[PDB]
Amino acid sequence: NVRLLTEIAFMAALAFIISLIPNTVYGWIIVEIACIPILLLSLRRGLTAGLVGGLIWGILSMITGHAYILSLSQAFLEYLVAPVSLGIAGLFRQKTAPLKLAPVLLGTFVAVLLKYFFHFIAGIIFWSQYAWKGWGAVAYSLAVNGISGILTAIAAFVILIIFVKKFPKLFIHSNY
């Protein structure tokens, strides 16, 4: 389907275009608002669409050199697997009105948690040389990635709650 392919490409391109915005709170702590179009894609079109949009967004980050890349496996883990994992929100898609808020927040929560889980593992393995003085690798990664995860969920929550209320039909795909 052609409408699908193009929804996917548009939301992935929109994620990258959003990932161009300064979002650093402090050091490597970030508010990852660029996740939002992918989560929106996932919730509206289901898992597969989401994984694919996540995959596309990730490649875009890399090929334009906006990804932080220390190595093949690290970039694999953080710019393929991690953005793809947002598609997990697709398991929470609603196909029939009226749209409930609960599966939107439950899906959003779980998908960001999953992405940041992958960043947390990456922090431990590839990013510890950056840990603040006195901090082991695990504590530092939980701090950076736990906090960033939460702020991201928070922003994702604010924006999708607004969307649920003002434009609920964004989340329900129908023909016609």
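Numbers for residues come from their place in the sequence shown, where the first is 1.
The PDB entry records a higher mean C-alpha B factor for 52-60 than for its counterpart among 52-60 and 108-116. Look at the mean CA B-factor for 5-13 and for 157-165 in the entry; the higher one is 5-13. You'll see in the entry that, of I38, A67, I33, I147, the Cα B factor peaks at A67. Sort the chain's modelled residues by C-alpha temperature factor and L72 lands in the highest third, per the entry. Remark: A97 belongs to the highest third of its chain, ranked by C-alpha B-factor as recorded.
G134: CA B factor lies in the highest third for its chain, per the PDB record.
In this PDB entry, the Cα temperature factor of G27 sits in the top third of its chain's modelled residues, the highest group.
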